[PDB]
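Presented below, as structure tokens, is a lone chain in the form deposited in one PDB entry.
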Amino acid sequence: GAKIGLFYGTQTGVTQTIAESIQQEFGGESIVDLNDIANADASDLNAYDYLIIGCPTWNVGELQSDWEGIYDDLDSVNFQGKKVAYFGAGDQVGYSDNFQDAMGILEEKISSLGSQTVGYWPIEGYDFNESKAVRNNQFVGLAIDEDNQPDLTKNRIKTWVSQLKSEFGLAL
């Protein structure tokens, strides 16, 4: 199949729209497989050397419901040697204290299981107080805010994907 597997869970439909924009900026279905995490098992992640994990943060202290189900099954996946990128939708004004928290939670688990995180993203284009996805001044992945910065989403996705092509090692 495709080199890159993109697994996402969606509540509003914003995550799925972002997933399809990412897939488009990479070159479409031939480069990136879209996989709704609701209809998958953890072992489906084994099928790709390059992964992209999409998960929103909409209620603080809570993973998106579908990811919470598969979270305790990640221990079975063989993440050694894989490169994993992350993205998520959020509201940096309404959730200024927990902006993209879910991105942090999943990256910590999956990185500690032996993967290599790629696709870090600068916080300076944003205005928020705290994020589990940030140690100092980078998110672990792409932060999208359709509520407060919708005009930036398209160029953010395009620029992040160019960065990922190099980091995945699939650019020319």
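Start at 1 with the first residue shown and count on from there.
The following text describes the form solved in complex with a small molecule, which does not appear among the structures shown.
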{"item": "Candidate stretches 52-60, 111-119, 66-74, 26-34 - the one whose heavy atoms come within 4.5 Å of the small molecule in the bound PDB entry", "value": "52-60"}
{"item": "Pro150 within 4.5 Å of the small molecule in the bound PDB entry, heavy atoms", "value": "no"}
{"item": "4.5 angstroms heavy atom contact with the small molecule in the bound PDB entry for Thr12", "value": "yes"}
{"item": "4.5 Å heavy atom contact, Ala89 and the small molecule in the bound PDB entry", "value": "yes"}
{"item": "4.5 Å heavy atom contact, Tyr95 to the small molecule in the bound PDB entry", "value": "yes"}
